[PDB]
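Q: Fold the following.
(4 chains)
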Amino acid sequence: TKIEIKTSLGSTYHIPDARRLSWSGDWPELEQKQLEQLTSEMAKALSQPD
Amino acid sequence: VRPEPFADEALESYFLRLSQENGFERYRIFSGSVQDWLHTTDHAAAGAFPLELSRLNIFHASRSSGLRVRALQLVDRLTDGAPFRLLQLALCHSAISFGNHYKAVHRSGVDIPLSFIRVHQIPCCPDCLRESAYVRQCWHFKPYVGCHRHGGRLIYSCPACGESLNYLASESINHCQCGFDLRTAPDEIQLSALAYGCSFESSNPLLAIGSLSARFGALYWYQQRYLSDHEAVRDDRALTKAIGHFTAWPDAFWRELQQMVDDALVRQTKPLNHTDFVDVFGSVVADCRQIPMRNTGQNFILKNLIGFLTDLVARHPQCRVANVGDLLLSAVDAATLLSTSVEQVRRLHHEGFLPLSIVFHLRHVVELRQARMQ
Amino acid sequence: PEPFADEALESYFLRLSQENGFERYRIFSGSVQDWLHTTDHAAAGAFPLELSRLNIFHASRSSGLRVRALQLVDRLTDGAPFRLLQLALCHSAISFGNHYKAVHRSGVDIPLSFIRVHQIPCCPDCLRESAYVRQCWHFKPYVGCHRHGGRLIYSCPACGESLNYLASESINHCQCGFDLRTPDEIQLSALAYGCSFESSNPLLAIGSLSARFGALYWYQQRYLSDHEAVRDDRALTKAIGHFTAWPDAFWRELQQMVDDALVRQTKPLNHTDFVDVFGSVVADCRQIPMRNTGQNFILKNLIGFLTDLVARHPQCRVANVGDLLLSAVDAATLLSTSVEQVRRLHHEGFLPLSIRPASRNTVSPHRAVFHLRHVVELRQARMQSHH
Amino acid sequence: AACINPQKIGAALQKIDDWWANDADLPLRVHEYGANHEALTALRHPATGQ
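A: Residues are numbered from 1 along each chain as shown, chains lettered A, B, ... in the order given. Find the structure here:
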């Protein structure tokens, strides 16, 4: 299963294979990183208006 | 396609050996394959089998252990030639943890208090690894300092170079990541190394108990009362401290108890008959519940406390002024010293064996014990 | 008179009266009851004279007052507060299964039904050495004796006149009779007075006496369904042979009824009650009074079996054995814990509930609701101990 | 065309409640009473004060 995400701020994220990511555990490299980047955009969406 | 099984090894070690014998290069590749295989027959079981080695063991799982066990059984079944359950190779939560005495894990008949389980580094022994390279179970228990074979002194936590050893973390049996071959290169430490198999010779010390679960119980009590670790990490202190304590015991136990109650008299500001048993004795009675055996022949700590208490009261009979022996005990405390239940104590009050002080006096309990319970 | 280590309470008292010369009825009434009355009125009011009536397990509610009377004797006879109380038979605090009455004597509890209330026999070969009615005769499961050449306890009709020592209180001779100085399995059945065994291969050959008693009670209801014919010796004599192949026979008895039940099936198995197949064999495990697995060997074998049964029948599209429903009181028995603990275990989510109840209602302990395979797995996973 | 309902997608996203009983397990769908549909129970029952 491949998952692709686009946002209104111009970002694109790519998980080449979604079958291996657990609730608890350390994600493989380059994937852990996109989790941080997506977390940041959403952290703003949830907290600052307009 | 199974390898030789051994009776003394950890579950994690078995799995590493098992995967390697099938041409898998790394654990992550093997476990990847297994987790996917399971999705062909039972999806809930599959969701219960993690990919990383460090969390493979059962004791790690809180409410999903049910499914985890099932998953292990499916592995046994699908791998050919399976006369032996792997369930005999791993830790489970033990039933004695109710009431929060302490947490403990069970393995094939022995309960191990949880605090004695190693976590971050794993020692090993080269004179055993050259003969057969697999990890022994006993190496996970803190008390086991020193090998009981091959001289065995001074077992390391760091093989060579700049790195400590942890075989689960680096996934490797013979070599560490800097490439050192782990297999290449006081006298009393043995008194603890033998916890491996007990196997003691007849001797004077109190720790001459043949029940392994009780031997651990005894070590835990000692650590909890004397080697408090307010100030330090206890790598092996027990080897020089516990052996003596349980050897000078005919006196050492009485001196401590005798001092404690005399010391109590010095500070006895209040009229003694309103003072609790615990106010003087510091709950040493409750601690007697930490040893897993209830019969007198194994629980020597309680046995010696009764000795002491009997003579303590016996030197202090009833008079016009509150004195030793007029301390108060609950029905739960009397029940503990009397080796009975609470309702039975209530019955003993109700039938007139002993009176209520408002709740029982220590003299009442020792006298009732000597008088009716032999 | 000093007590014997194995003496009955009534024997000691009879000897005491006689030793002081208080041989006749009237002085037995007197030297006993009137003296007690004159100490205090309660020691007598609680004290009927007839010998059978004197023991605690014959008594009603006012036991403490009867005890006070024992305590007066303890002073008069230069004793100790529990010198007599170690000998008396009292009400057990333990039900011994199915609310049965059971009787407690200093550590051993014996079910009410095994008390030989009438026709106490005797063994002349020991009575000639120390004449006092001894304990371990009052037991139903006890014919013959250890030592003395064995043979039979000389039974009630000594000489055309039924005998006992309570309606006629003499030891060497009784009523019209004289001084009584008058098949190789029962000497094993005899060992309810003590155990004393070595090379105990059978599962009935080890342990404390209370367990040894419970095992026999269980055997009897289950295989001696024939109405009592006071074959007190012969009926129980066979139980030992029965257990000699137990480790391999009990399972077949259980297997037989899985198949006979299966062919009579009327509903899909996942809505079938556990009880419909196994016939309460689980509840019977409660007749031995001990709770833990290492001592209650009947329960230990039943669990062994059920674990294997589940293991050879994994989950698939069509329901099968192992999906049967248990009630709350059944899990409590298999899990070696009290019922309230199961409710707590449910509340924390360690196990699922399979039947949806109606609103504004409650599920009672007798309702069948957990799957067998779920209980077997949970127990292996988090209920083990050093027992 | 075949579809998945809005709230069915939503129920999956917000399943991130594992703050009870000091035992993480798997997370619950956020609910004022801590409902657990699989086991037919409730983790934050009013009786607990949680």
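Q: all strands for chain B, in order.
A: Along chain B, counting by DSSP state E, strands occupy B:92-93, B:104-107, B:110-113, B:328-329, B:360-361.
Q: Kindly reformat those strands as JSON lines containing mean neighbour count and distance to chain A.
A: In short, each C-beta sits where N, CA and C put it, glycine included. Converted to JSON lines, those look like this (neighbours: other C-beta atoms under 10 Å in any protein chain shown; distance: least, C-beta to the nearest C-beta, whole Å):
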{"stretch": "strand B:92-93", "mean neighbour count": "20", "distance to chain A": "19"}
{"stretch": "strand B:104-107", "mean neighbour count": "22", "distance to chain A": "21"}
{"stretch": "strand B:110-113", "mean neighbour count": "21", "distance to chain A": "25"}
{"stretch": "strand B:328-329", "mean neighbour count": "22", "distance to chain A": "48"}
{"stretch": "strand B:360-361", "mean neighbour count": "23", "distance to chain A": "52"}
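Q: Which one of those strands lies nearest to residue C:72?
A: Nearest to residue C:72, of all the strands of chain B, is strand B:360-361, at 24.3 Å by C-beta to C-beta.
Q: OK, now which residue of chain A is nearest to chain B?
A: In chain A, no residue comes nearer to chain B than residue A:25, which is 6.5 Å away by C-beta to the nearest C-beta.
Q: pretty sure that residue is in a helix, no?
A: No. Applying DSSP: H, G, I helix; E, B strand; the rest coil, one finds residue A:25 to be coil, outside a helix.
Q: how many neighbours does it have?
A: Neighbours of residue A:25 under the rule other C-beta atoms under 10 Å in any protein chain shown: 13.
Q: Same question for residue B:251.
A: 9.
Q: How about the contacts made by the nearest residue to residue B:247 once chain neighbours are set aside?
A: Using C-beta to C-beta, 6 or more residues apart in numbering or on different chains and skipping residues adjacent in sequence, the residue nearest residue B:247 is residue B:205, 4.4 Å away. By C-beta atoms under 8 Å, 6 or more residues apart in numbering or on different chains, residue B:205 lies in contact with B:243, B:246, B:247, B:249.
Q: who touches the first one in this structure?
A: So the one you mean is residue B:243. B:188, B:191, B:205.
Q: Tell me the one of the residues you listed nearest residue B:74?
A: residue B:191 (44.0 Å).
Q: State the distance from that closest one to residue B:228.
A: Per C-beta to C-beta, to the nearest Å, residue B:191 is found 22 Å from residue B:228.
Q: Which parts of the chain are helices?
A: If you meant another chain, say so; for now it's chain A. All helices of chain A, identified by DSSP state H, fall at A:32-47.
Q: my question was about chain D
A: Using DSSP H, the helices of chain D run over D:6-13.
Q: Would you mind listing what in it touches chain A?
A: D:24, D:26, D:27 (C-beta under 8 Å from any C-beta of the partner chain).
Q: export those to a markdown table and tack on neighbour count?
A: A markdown table is the format used below for these (neighbours: other C-beta atoms under 10 Å in any protein chain shown):
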| residue | neighbour count |
| --- | --- |
| D:24 | 13 |
| D:26 | 13 |
| D:27 | 14 |
